[PDB]
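What's in upload08.cif: mmCIF, N, CA and C atoms and all ligand atoms
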```cif
data_input
#
loop_
_atom_site.group_PDB
_atom_site.id
_atom_site.type_symbol
_atom_site.label_atom_id
_atom_site.label_comp_id
_atom_site.auth_asym_id
_atom_site.auth_seq_id
_atom_site.Cartn_x
_atom_site.Cartn_y
_atom_site.Cartn_z
ATOM 1 N N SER A 1 11.666 261.293 166.955
ATOM 2 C CA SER A 1 10.289 261.079 167.294
ATOM 3 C C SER A 1 10.087 259.684 167.901
ATOM 4 N N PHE A 2 10.782 258.736 167.302
ATOM 5 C CA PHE A 2 10.672 257.349 167.806
ATOM 6 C C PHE A 2 10.946 257.228 169.287
ATOM 7 N N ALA A 3 11.788 258.145 169.798
ATOM 8 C CA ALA A 3 12.035 258.003 171.236
ATOM 9 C C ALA A 3 11.721 259.278 172.007
ATOM 10 N N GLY A 4 10.735 259.926 171.383
ATOM 11 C CA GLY A 4 10.227 261.119 172.010
ATOM 12 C C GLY A 4 11.242 262.271 172.047
ATOM 13 N N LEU A 6 12.167 262.282 171.143
ATOM 14 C CA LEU A 6 13.136 263.421 171.121
ATOM 15 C C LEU A 6 12.713 264.641 170.260
ATOM 16 N N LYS A 7 12.999 265.825 170.684
ATOM 17 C CA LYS A 7 12.634 267.121 169.979
ATOM 18 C C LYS A 7 13.423 267.346 168.727
ATOM 19 N N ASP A 8 12.838 267.735 167.578
ATOM 20 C CA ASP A 8 13.450 267.971 166.291
ATOM 21 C C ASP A 8 14.703 268.810 166.501
ATOM 22 N N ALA A 9 14.594 269.675 167.421
ATOM 23 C CA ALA A 9 15.435 270.722 167.925
ATOM 24 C C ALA A 9 16.630 270.282 168.696
ATOM 25 N N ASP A 10 16.443 269.246 169.494
ATOM 26 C CA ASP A 10 17.586 268.728 170.319
ATOM 27 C C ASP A 10 18.396 267.903 169.341
ATOM 28 N N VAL A 11 17.683 267.183 168.465
ATOM 29 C CA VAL A 11 18.321 266.403 167.416
ATOM 30 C C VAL A 11 19.144 267.265 166.450
ATOM 31 N N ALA A 12 18.624 268.440 166.057
ATOM 32 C CA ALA A 12 19.265 269.375 165.118
ATOM 33 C C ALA A 12 20.514 269.909 165.831
ATOM 34 N N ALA A 13 20.403 270.290 167.065
ATOM 35 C CA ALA A 13 21.548 270.763 167.812
ATOM 36 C C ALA A 13 22.586 269.722 168.004
ATOM 37 N N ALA A 14 22.254 268.439 168.325
ATOM 38 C CA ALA A 14 23.373 267.486 168.542
ATOM 39 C C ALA A 14 23.996 267.104 167.217
ATOM 40 N N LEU A 15 23.248 267.266 166.099
ATOM 41 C CA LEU A 15 23.936 266.775 164.859
ATOM 42 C C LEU A 15 24.975 267.878 164.424
ATOM 43 N N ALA A 16 24.552 268.980 164.903
ATOM 44 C CA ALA A 16 25.422 270.138 164.529
ATOM 45 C C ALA A 16 26.747 269.929 165.243
ATOM 46 N N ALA A 17 26.676 269.555 166.529
ATOM 47 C CA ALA A 17 27.860 269.442 167.387
ATOM 48 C C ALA A 17 28.860 268.410 166.958
ATOM 49 N N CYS A 18 28.337 267.473 166.163
ATOM 50 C CA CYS A 18 29.166 266.359 165.648
ATOM 51 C C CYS A 18 29.192 266.322 164.182
ATOM 52 N N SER A 19 28.950 267.464 163.516
ATOM 53 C CA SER A 19 28.947 267.535 162.035
ATOM 54 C C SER A 19 30.320 267.128 161.508
ATOM 55 N N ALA A 20 31.478 267.332 162.138
ATOM 56 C CA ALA A 20 32.737 266.923 161.549
ATOM 57 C C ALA A 20 33.111 265.451 161.771
ATOM 58 N N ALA A 21 33.733 264.984 160.714
ATOM 59 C CA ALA A 21 34.098 263.557 160.889
ATOM 60 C C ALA A 21 34.968 263.471 162.146
ATOM 61 N N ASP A 22 34.905 262.338 162.850
ATOM 62 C CA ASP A 22 35.728 262.127 164.064
ATOM 63 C C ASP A 22 35.406 263.007 165.210
ATOM 64 N N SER A 23 34.439 263.879 165.126
ATOM 65 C CA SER A 23 33.983 264.646 166.247
ATOM 66 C C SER A 23 32.864 263.889 167.029
ATOM 67 N N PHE A 24 32.328 262.773 166.618
ATOM 68 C CA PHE A 24 31.193 262.204 167.398
ATOM 69 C C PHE A 24 31.722 261.629 168.730
ATOM 70 N N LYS A 25 31.023 261.879 169.803
ATOM 71 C CA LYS A 25 31.339 261.405 171.161
ATOM 72 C C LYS A 25 29.979 260.842 171.638
ATOM 73 N N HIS A 26 29.912 259.529 171.783
ATOM 74 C CA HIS A 26 28.573 259.017 172.160
ATOM 75 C C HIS A 26 27.921 259.557 173.382
ATOM 76 N N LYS A 27 28.644 259.808 174.474
ATOM 77 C CA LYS A 27 28.182 260.274 175.768
ATOM 78 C C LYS A 27 27.511 261.604 175.722
ATOM 79 N N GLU A 28 28.178 262.496 175.002
ATOM 80 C CA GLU A 28 27.725 263.847 174.704
ATOM 81 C C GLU A 28 26.464 263.865 173.832
ATOM 82 N N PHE A 29 26.472 263.141 172.757
ATOM 83 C CA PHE A 29 25.351 263.054 171.830
ATOM 84 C C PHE A 29 24.107 262.625 172.621
ATOM 85 N N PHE A 30 24.379 261.545 173.437
ATOM 86 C CA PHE A 30 23.222 261.092 174.171
ATOM 87 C C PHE A 30 22.546 262.087 175.063
ATOM 88 N N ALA A 31 23.452 262.815 175.719
ATOM 89 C CA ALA A 31 22.933 263.832 176.618
ATOM 90 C C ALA A 31 22.284 264.977 175.819
ATOM 91 N N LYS A 32 22.984 265.492 174.834
ATOM 92 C CA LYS A 32 22.454 266.600 174.030
ATOM 93 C C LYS A 32 21.211 266.267 173.224
ATOM 94 N N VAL A 33 21.076 265.023 172.759
ATOM 95 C CA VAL A 33 19.851 264.648 172.024
ATOM 96 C C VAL A 33 18.666 264.553 172.992
ATOM 97 N N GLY A 34 18.898 264.242 174.252
ATOM 98 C CA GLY A 34 17.873 264.150 175.254
ATOM 99 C C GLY A 34 17.507 262.738 175.749
ATOM 100 N N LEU A 35 18.201 261.875 175.184
ATOM 101 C CA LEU A 35 18.286 260.384 175.342
ATOM 102 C C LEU A 35 18.571 260.049 176.795
ATOM 103 N N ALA A 36 19.583 260.529 177.411
ATOM 104 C CA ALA A 36 20.109 260.400 178.770
ATOM 105 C C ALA A 36 19.055 260.825 179.748
ATOM 106 N N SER A 37 18.013 261.521 179.295
ATOM 107 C CA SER A 37 17.017 261.820 180.392
ATOM 108 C C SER A 37 15.708 261.126 179.943
ATOM 109 N N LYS A 38 15.617 260.166 179.059
ATOM 110 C CA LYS A 38 14.297 259.554 178.717
ATOM 111 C C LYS A 38 14.122 258.379 179.689
ATOM 112 N N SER A 39 12.976 257.737 179.719
ATOM 113 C CA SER A 39 12.789 256.563 180.592
ATOM 114 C C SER A 39 13.519 255.353 179.969
ATOM 115 N N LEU A 40 13.610 254.264 180.810
ATOM 116 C CA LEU A 40 14.261 253.075 180.224
ATOM 117 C C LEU A 40 13.440 252.543 179.123
ATOM 118 N N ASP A 41 12.144 252.678 179.194
ATOM 119 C CA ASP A 41 11.237 252.213 178.124
ATOM 120 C C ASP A 41 11.548 252.901 176.807
ATOM 121 N N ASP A 42 11.819 254.227 177.100
ATOM 122 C CA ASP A 42 12.126 255.035 175.908
ATOM 123 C C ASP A 42 13.473 254.732 175.273
ATOM 124 N N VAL A 43 14.406 254.352 176.104
ATOM 125 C CA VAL A 43 15.817 254.014 175.774
ATOM 126 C C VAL A 43 15.599 252.721 175.047
ATOM 127 N N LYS A 44 14.734 251.878 175.615
ATOM 128 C CA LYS A 44 14.454 250.645 174.805
ATOM 129 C C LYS A 44 13.835 250.784 173.436
ATOM 130 N N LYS A 45 12.932 251.678 173.178
ATOM 131 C CA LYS A 45 12.290 251.884 171.825
ATOM 132 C C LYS A 45 13.360 252.263 170.814
ATOM 133 N N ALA A 46 14.238 253.195 171.314
ATOM 134 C CA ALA A 46 15.374 253.635 170.587
ATOM 135 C C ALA A 46 16.263 252.523 170.071
ATOM 136 N N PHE A 47 16.675 251.625 171.021
ATOM 137 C CA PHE A 47 17.544 250.468 170.698
ATOM 138 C C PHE A 47 16.867 249.710 169.565
ATOM 139 N N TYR A 48 15.565 249.572 169.708
ATOM 140 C CA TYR A 48 14.829 248.823 168.708
ATOM 141 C C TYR A 48 14.690 249.311 167.329
ATOM 142 N N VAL A 49 14.724 250.648 167.188
ATOM 143 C CA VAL A 49 14.691 251.233 165.817
ATOM 144 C C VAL A 49 16.100 251.126 165.201
ATOM 145 N N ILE A 50 17.065 251.357 166.063
ATOM 146 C CA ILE A 50 18.463 251.415 165.526
ATOM 147 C C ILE A 50 18.870 250.065 165.053
ATOM 148 N N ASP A 51 18.198 249.062 165.794
ATOM 149 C CA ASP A 51 18.577 247.661 165.341
ATOM 150 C C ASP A 51 17.629 247.484 164.179
ATOM 151 N N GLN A 52 18.083 247.848 162.982
ATOM 152 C CA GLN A 52 17.241 247.854 161.806
ATOM 153 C C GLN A 52 16.656 246.543 161.368
ATOM 154 N N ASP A 53 17.590 245.590 161.473
ATOM 155 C CA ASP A 53 17.111 244.212 161.060
ATOM 156 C C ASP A 53 16.384 243.424 162.140
ATOM 157 N N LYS A 54 16.131 243.933 163.334
ATOM 158 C CA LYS A 54 15.446 243.168 164.359
ATOM 159 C C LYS A 54 16.187 241.896 164.747
ATOM 160 N N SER A 55 17.513 241.928 164.781
ATOM 161 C CA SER A 55 18.396 240.808 165.177
ATOM 162 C C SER A 55 18.432 240.773 166.662
ATOM 163 N N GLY A 56 18.124 241.735 167.487
ATOM 164 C CA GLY A 56 18.158 241.940 168.835
ATOM 165 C C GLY A 56 19.543 242.521 169.334
ATOM 166 N N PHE A 57 20.339 242.833 168.257
ATOM 167 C CA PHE A 57 21.647 243.426 168.379
ATOM 168 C C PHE A 57 21.972 244.586 167.369
ATOM 169 N N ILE A 58 22.706 245.524 167.913
ATOM 170 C CA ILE A 58 23.161 246.548 166.931
ATOM 171 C C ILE A 58 24.513 245.992 166.436
ATOM 172 N N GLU A 59 24.719 245.595 165.207
ATOM 173 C CA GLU A 59 25.803 245.128 164.420
ATOM 174 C C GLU A 59 26.606 246.398 163.996
ATOM 175 N N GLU A 60 27.859 246.076 163.682
ATOM 176 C CA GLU A 60 28.694 247.267 163.393
ATOM 177 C C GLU A 60 28.245 247.989 162.156
ATOM 178 N N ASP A 61 27.486 247.435 161.259
ATOM 179 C CA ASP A 61 26.965 248.098 160.036
ATOM 180 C C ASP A 61 25.833 249.022 160.412
ATOM 181 N N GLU A 62 25.015 248.820 161.411
ATOM 182 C CA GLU A 62 23.912 249.561 161.940
ATOM 183 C C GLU A 62 24.467 250.685 162.766
ATOM 184 N N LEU A 63 25.637 250.372 163.342
ATOM 185 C CA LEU A 63 26.354 251.375 164.180
ATOM 186 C C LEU A 63 26.899 252.515 163.258
ATOM 187 N N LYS A 64 27.466 252.133 162.148
ATOM 188 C CA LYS A 64 28.003 253.006 161.089
ATOM 189 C C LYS A 64 26.857 253.949 160.754
ATOM 190 N N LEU A 65 25.612 253.467 160.706
ATOM 191 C CA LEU A 65 24.527 254.371 160.367
ATOM 192 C C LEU A 65 23.731 254.966 161.461
ATOM 193 N N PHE A 66 24.296 254.931 162.658
ATOM 194 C CA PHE A 66 23.683 255.515 163.798
ATOM 195 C C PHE A 66 22.826 256.762 163.739
ATOM 196 N N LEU A 67 23.548 257.853 163.313
ATOM 197 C CA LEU A 67 23.005 259.218 163.189
ATOM 198 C C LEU A 67 21.858 259.268 162.162
ATOM 199 N N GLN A 68 21.862 258.381 161.162
ATOM 200 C CA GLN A 68 20.818 258.320 160.107
ATOM 201 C C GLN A 68 19.450 257.950 160.593
ATOM 202 N N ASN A 69 19.456 257.356 161.779
ATOM 203 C CA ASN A 69 18.233 256.975 162.505
ATOM 204 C C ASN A 69 17.451 258.170 162.945
ATOM 205 N N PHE A 70 18.181 259.212 163.319
ATOM 206 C CA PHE A 70 17.828 260.513 163.859
ATOM 207 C C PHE A 70 17.609 261.462 162.668
ATOM 208 N N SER A 71 18.394 261.366 161.615
ATOM 209 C CA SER A 71 18.116 262.277 160.485
ATOM 210 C C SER A 71 18.800 261.716 159.255
ATOM 211 N N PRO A 72 17.930 261.339 158.284
ATOM 212 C CA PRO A 72 18.327 260.690 157.055
ATOM 213 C C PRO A 72 19.451 261.248 156.252
ATOM 214 N N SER A 73 19.603 262.576 156.317
ATOM 215 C CA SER A 73 20.692 263.231 155.573
ATOM 216 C C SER A 73 21.970 263.221 156.417
ATOM 217 N N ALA A 74 21.968 262.669 157.622
ATOM 218 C CA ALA A 74 23.184 262.702 158.468
ATOM 219 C C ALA A 74 24.269 261.792 157.883
ATOM 220 N N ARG A 75 25.492 262.158 158.360
ATOM 221 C CA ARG A 75 26.669 261.467 157.901
ATOM 222 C C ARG A 75 26.858 260.134 158.652
ATOM 223 N N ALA A 76 27.483 259.251 157.909
ATOM 224 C CA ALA A 76 27.841 257.939 158.443
ATOM 225 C C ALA A 76 28.951 258.213 159.490
ATOM 226 N N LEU A 77 29.038 257.318 160.479
ATOM 227 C CA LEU A 77 30.080 257.450 161.486
ATOM 228 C C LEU A 77 31.346 256.850 160.828
ATOM 229 N N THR A 78 32.460 257.424 161.284
ATOM 230 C CA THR A 78 33.761 256.959 160.736
ATOM 231 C C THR A 78 34.159 255.614 161.426
ATOM 232 N N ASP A 79 35.118 254.897 160.971
ATOM 233 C CA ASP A 79 35.603 253.649 161.573
ATOM 234 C C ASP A 79 36.102 253.931 162.980
ATOM 235 N N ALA A 80 36.885 255.005 163.075
ATOM 236 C CA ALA A 80 37.361 255.236 164.502
ATOM 237 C C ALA A 80 36.211 255.623 165.417
ATOM 238 N N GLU A 81 35.124 256.101 164.788
ATOM 239 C CA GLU A 81 33.951 256.545 165.610
ATOM 240 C C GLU A 81 33.230 255.261 166.047
ATOM 241 N N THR A 82 33.219 254.445 165.010
ATOM 242 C CA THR A 82 32.447 253.213 165.323
ATOM 243 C C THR A 82 33.249 252.332 166.252
ATOM 244 N N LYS A 83 34.545 252.372 166.171
ATOM 245 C CA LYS A 83 35.368 251.505 167.026
ATOM 246 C C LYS A 83 35.262 251.887 168.467
ATOM 247 N N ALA A 84 35.311 253.184 168.611
ATOM 248 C CA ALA A 84 35.231 253.709 169.975
ATOM 249 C C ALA A 84 33.868 253.366 170.582
ATOM 250 N N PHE A 85 32.810 253.324 169.845
ATOM 251 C CA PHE A 85 31.418 253.034 170.344
ATOM 252 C C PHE A 85 31.338 251.623 170.939
ATOM 253 N N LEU A 86 31.817 250.693 170.196
ATOM 254 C CA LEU A 86 31.791 249.269 170.539
ATOM 255 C C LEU A 86 32.749 249.085 171.689
ATOM 256 N N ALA A 87 33.905 249.718 171.478
ATOM 257 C CA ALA A 87 34.916 249.592 172.550
ATOM 258 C C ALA A 87 34.331 249.872 173.902
ATOM 259 N N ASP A 88 33.514 250.921 174.062
ATOM 260 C CA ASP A 88 32.951 251.187 175.361
ATOM 261 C C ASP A 88 31.612 250.440 175.500
ATOM 262 N N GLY A 89 30.901 250.114 174.451
ATOM 263 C CA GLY A 89 29.584 249.463 174.751
ATOM 264 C C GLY A 89 29.624 247.897 174.664
ATOM 265 N N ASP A 90 30.518 247.437 173.864
ATOM 266 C CA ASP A 90 30.529 245.971 173.827
ATOM 267 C C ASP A 90 31.270 245.341 175.052
ATOM 268 N N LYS A 91 30.545 245.223 176.119
ATOM 269 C CA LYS A 91 31.093 244.564 177.322
ATOM 270 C C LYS A 91 31.284 243.032 177.305
ATOM 271 N N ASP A 92 30.754 242.202 176.449
ATOM 272 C CA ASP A 92 30.904 240.744 176.474
ATOM 273 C C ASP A 92 31.833 240.298 175.400
ATOM 274 N N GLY A 93 32.217 241.303 174.616
ATOM 275 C CA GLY A 93 33.222 241.001 173.613
ATOM 276 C C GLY A 93 32.698 240.304 172.400
ATOM 277 N N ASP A 94 31.391 240.355 172.277
ATOM 278 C CA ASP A 94 30.918 239.692 171.051
ATOM 279 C C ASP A 94 30.941 240.516 169.789
ATOM 280 N N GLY A 95 31.268 241.794 169.832
ATOM 281 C CA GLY A 95 31.263 242.548 168.584
ATOM 282 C C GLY A 95 29.959 243.256 168.148
ATOM 283 N N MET A 96 28.960 243.118 169.017
ATOM 284 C CA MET A 96 27.613 243.668 168.886
ATOM 285 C C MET A 96 27.251 244.312 170.189
ATOM 286 N N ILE A 97 26.216 245.147 170.169
ATOM 287 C CA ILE A 97 25.706 245.850 171.394
ATOM 288 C C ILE A 97 24.315 245.282 171.454
ATOM 289 N N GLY A 98 24.180 244.729 172.659
ATOM 290 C CA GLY A 98 22.859 244.133 172.824
ATOM 291 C C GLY A 98 22.047 245.157 173.596
ATOM 292 N N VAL A 99 20.738 244.975 173.854
ATOM 293 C CA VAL A 99 19.818 245.837 174.537
ATOM 294 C C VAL A 99 20.363 246.329 175.901
ATOM 295 N N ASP A 100 20.801 245.419 176.765
ATOM 296 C CA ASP A 100 21.372 245.681 178.045
ATOM 297 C C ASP A 100 22.699 246.500 177.987
ATOM 298 N N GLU A 101 23.516 246.160 177.061
ATOM 299 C CA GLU A 101 24.776 246.938 176.849
ATOM 300 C C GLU A 101 24.418 248.362 176.381
ATOM 301 N N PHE A 102 23.411 248.497 175.519
ATOM 302 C CA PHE A 102 22.947 249.827 175.100
ATOM 303 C C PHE A 102 22.496 250.690 176.249
ATOM 304 N N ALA A 103 21.573 250.145 177.041
ATOM 305 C CA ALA A 103 21.014 250.947 178.172
ATOM 306 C C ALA A 103 21.942 251.395 179.234
ATOM 307 N N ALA A 104 22.966 250.580 179.344
ATOM 308 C CA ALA A 104 24.094 250.712 180.282
ATOM 309 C C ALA A 104 24.930 251.929 179.785
ATOM 310 N N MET A 105 25.233 251.953 178.524
ATOM 311 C CA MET A 105 25.977 253.088 178.014
ATOM 312 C C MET A 105 25.090 254.319 178.074
ATOM 313 N N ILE A 106 23.805 254.220 177.823
ATOM 314 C CA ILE A 106 23.149 255.548 177.932
ATOM 315 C C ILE A 106 23.056 255.953 179.369
ATOM 316 N N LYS A 107 23.277 255.057 180.307
ATOM 317 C CA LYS A 107 23.137 255.423 181.729
ATOM 318 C C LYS A 107 24.320 255.997 182.487
ATOM 319 N N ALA A 108 23.902 257.013 183.249
ATOM 320 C CA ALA A 108 24.838 257.760 184.125
ATOM 321 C C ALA A 108 24.254 259.143 184.461
HETATM 322 CA CA CA B 201 20.578 244.340 164.167
HETATM 323 CA CA CA B 202 28.133 242.645 173.059
HETATM 324 N N LIG B 203 23.072 243.622 160.740
#
```
Go ahead and render the structure in this file as structure tokens.
Amino acid sequence: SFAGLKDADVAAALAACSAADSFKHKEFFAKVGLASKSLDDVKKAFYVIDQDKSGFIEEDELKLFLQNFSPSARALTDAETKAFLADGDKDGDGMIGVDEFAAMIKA
């Protein structure tokens, strides 16, 4: 709801990644409906996920990614989380900032 996503698109993408190590960020984004929202909307999203309002998604917030979308969802695994940063952390700081986030949702 925070980023204008359908209960339904969210239910379907969580299903697709219900198994540990099955999460693929690119796919999730597209299936949740994220990849077709406006940049404003991509920005609201970044802001909820960054729970502490640090202006960065820290690897502990990343671990809880899916929980943002649905409270009963599973935590991401270490290899899931590693792969996320690996492709989104472009400056090498170990965090995903707003610009790095939008960049990964884009394509
Ligand atoms: Ca944060
Ligand atoms: Ca970074
Ligand atoms: N954090």
For this session: Grab me every residue within 7 Å of ligand LIG 203 (chain B), counting all atoms listed in the file, and send it over as a PyMOL selection string.
Result: chain A and resi 52-53+57-62
Atoms to include: N, CA and C atoms. Write the selected residues as a compact mmCIF listing (two decimals), in the frame of the given file.
```txt
# COMPACT_ATOMS: atom_id res chain seq x y z
N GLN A 52 18.08 247.85 162.98
CA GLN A 52 17.24 247.85 161.81
C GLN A 52 16.66 246.54 161.37
N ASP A 53 17.59 245.59 161.47
CA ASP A 53 17.11 244.21 161.06
C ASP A 53 16.38 243.42 162.14
N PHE A 57 20.34 242.83 168.26
CA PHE A 57 21.65 243.43 168.38
C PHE A 57 21.97 244.59 167.37
N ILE A 58 22.71 245.52 167.91
CA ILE A 58 23.16 246.55 166.93
C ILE A 58 24.51 245.99 166.44
N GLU A 59 24.72 245.60 165.21
CA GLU A 59 25.80 245.13 164.42
C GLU A 59 26.61 246.40 164.00
N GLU A 60 27.86 246.08 163.68
CA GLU A 60 28.69 247.27 163.39
C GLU A 60 28.24 247.99 162.16
N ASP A 61 27.49 247.44 161.26
CA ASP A 61 26.96 248.10 160.04
C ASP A 61 25.83 249.02 160.41
N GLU A 62 25.02 248.82 161.41
CA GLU A 62 23.91 249.56 161.94
C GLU A 62 24.47 250.68 162.77
```
Exercise. Using only C-alpha atoms, which residue out of A:69, A:33, A:4, A:80 lies closest to residue 17 in chain A?
Worked result: A:33
For this session: Using only N, CA and C atoms, determine which residues lie at most 8 Å from residue 47 in chain A, disregarding the query and same-chain residues fewer than 6 positions distant; provide the list as a ChimeraX atom specification.
Result: /A:3,41,56-58,98-99,102-103
Problem set entry | All strand (DSSP E) positions in chain A, as a list in words | residues 57, 58, 97 and 98 of chain A
Exercise. How far is it from atom C of residue 7 in chain A to atom C of residue 89 in chain A, in Å with one decimal?
Worked result: 26.0 Å
Problem set entry | Residue contacts of residue 35 in chain A (9 Å, only C-alpha atoms) excluding same-chain residues fewer than 5 positions away, as a list in words | residues 3, 4, 6, 29, 30, 42, 43, 46 and 106 of chain A
Please write the residues from the selection above to a file, keeping N, CA and C atoms, as a short mmCIF file (atom, residue, chain, number, x, y, z; two decimals), in the coordinates of the input.
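Result saved to out-v2.cif:
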```
data_model
loop_
_atom_site.label_atom_id
_atom_site.label_comp_id
_atom_site.auth_asym_id
_atom_site.auth_seq_id
_atom_site.Cartn_x
_atom_site.Cartn_y
_atom_site.Cartn_z
N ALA A 3 11.79 258.14 169.80
CA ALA A 3 12.04 258.00 171.24
C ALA A 3 11.72 259.28 172.01
N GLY A 4 10.74 259.93 171.38
CA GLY A 4 10.23 261.12 172.01
C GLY A 4 11.24 262.27 172.05
N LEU A 6 12.17 262.28 171.14
CA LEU A 6 13.14 263.42 171.12
C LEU A 6 12.71 264.64 170.26
N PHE A 29 26.47 263.14 172.76
CA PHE A 29 25.35 263.05 171.83
C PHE A 29 24.11 262.62 172.62
N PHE A 30 24.38 261.54 173.44
CA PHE A 30 23.22 261.09 174.17
C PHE A 30 22.55 262.09 175.06
N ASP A 42 11.82 254.23 177.10
CA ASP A 42 12.13 255.04 175.91
C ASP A 42 13.47 254.73 175.27
N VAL A 43 14.41 254.35 176.10
CA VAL A 43 15.82 254.01 175.77
C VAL A 43 15.60 252.72 175.05
N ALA A 46 14.24 253.20 171.31
CA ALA A 46 15.37 253.64 170.59
C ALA A 46 16.26 252.52 170.07
N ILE A 106 23.80 254.22 177.82
CA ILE A 106 23.15 255.55 177.93
C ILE A 106 23.06 255.95 179.37
#
```
With 4 Å on each side, where is the centre of the axis-aligned box around all listed atoms of range 99-105 of chain A, and how long are its edges in Å to one decimal, as JSON?
```
{"center_x": 22.9, "center_y": 249.6, "center_z": 177.1, "size_x": 14.2, "size_y": 17.3, "size_z": 14.4}
```
For this session: Please report, as an MDAnalysis selection string, each residue of chain A to which DSSP assigns helix (DSSP H, G or I) when run on this structure's backbone.
Result: chainID A and resid 8:17 26:33 35:37 40:50 60:64 66:69 79:89 99:106
For this session: Rank nothing, just name the residue among A:26, A:105, A:55, A:67 nearest to residue 83 in chain A, using only C-alpha atoms.
Result: A:26
Exercise. What residues have any atom no more than 6 Å from ligand CA 202 (chain B) when counting only C-alpha atoms and all ligand atoms, and can you list them as a count of residues only?
Worked result: 9
Problem set entry | Nearest candidate to ligand CA 201 (chain B) (options A:14, A:50, A:44, A:88; using only N, CA and C atoms and all ligand atoms) | A:50
For this session: Mind checking which residues fall within 8 Å of residue 21 in chain A, counting only N, CA and C atoms, ignoring those fewer than 2 positions away in the same chain, and posting them as a ChimeraX atom specification?
Result: /A:18-19,23-24,76-78,81
Exercise. Once you count all atoms listed in the file, which residues end up no further than 8 Å from (15.4, 269.4, 173.1) in the file's frame, shown as a PyMOL selection string?
Worked result: chain A and resi 6-13+32-34
Deliver the residues from the most recent selection as a file, using N, CA and C atoms, as a tab-separated table (two decimals), keeping the file's coordinate frame.
```
chain	number	residue	atom	x	y	z
A	6	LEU	N	12.17	262.28	171.14
A	6	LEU	CA	13.14	263.42	171.12
A	6	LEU	C	12.71	264.64	170.26
A	7	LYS	N	13.00	265.82	170.68
A	7	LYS	CA	12.63	267.12	169.98
A	7	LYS	C	13.42	267.35	168.73
A	8	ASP	N	12.84	267.74	167.58
A	8	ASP	CA	13.45	267.97	166.29
A	8	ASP	C	14.70	268.81	166.50
A	9	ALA	N	14.59	269.68	167.42
A	9	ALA	CA	15.44	270.72	167.92
A	9	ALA	C	16.63	270.28	168.70
A	10	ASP	N	16.44	269.25	169.49
A	10	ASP	CA	17.59	268.73	170.32
A	10	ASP	C	18.40	267.90	169.34
A	11	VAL	N	17.68	267.18	168.46
A	11	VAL	CA	18.32	266.40	167.42
A	11	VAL	C	19.14	267.26	166.45
A	12	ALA	N	18.62	268.44	166.06
A	12	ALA	CA	19.26	269.38	165.12
A	12	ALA	C	20.51	269.91	165.83
A	13	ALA	N	20.40	270.29	167.06
A	13	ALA	CA	21.55	270.76	167.81
A	13	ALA	C	22.59	269.72	168.00
A	32	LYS	N	22.98	265.49	174.83
A	32	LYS	CA	22.45	266.60	174.03
A	32	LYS	C	21.21	266.27	173.22
A	33	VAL	N	21.08	265.02	172.76
A	33	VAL	CA	19.85	264.65	172.02
A	33	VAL	C	18.67	264.55	172.99
A	34	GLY	N	18.90	264.24	174.25
A	34	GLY	CA	17.87	264.15	175.25
A	34	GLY	C	17.51	262.74	175.75
```
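Of the listed residues A:22, A:79, A:100, A:51, the one whose atoms come nearest to ligand CA 201 (chain B) is A:51, with distances taken using only C-alpha atoms and all ligand atoms.
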For this session: Using only C-alpha atoms and all ligand atoms, find the one residue out of A:63, A:101, A:70, A:86 that sits nearest to ligand CA 201 (chain B).
Result: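 Of all the options, A:63 lies closest to ligand CA 201 (chain B).
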Exercise. CA of residue 40 in chain A and CA of residue 16 in chain A, how far apart in Å?
Worked result: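 Between CA of residue 16 in chain A and CA of residue 40 in chain A the gap is 25.7 Å.
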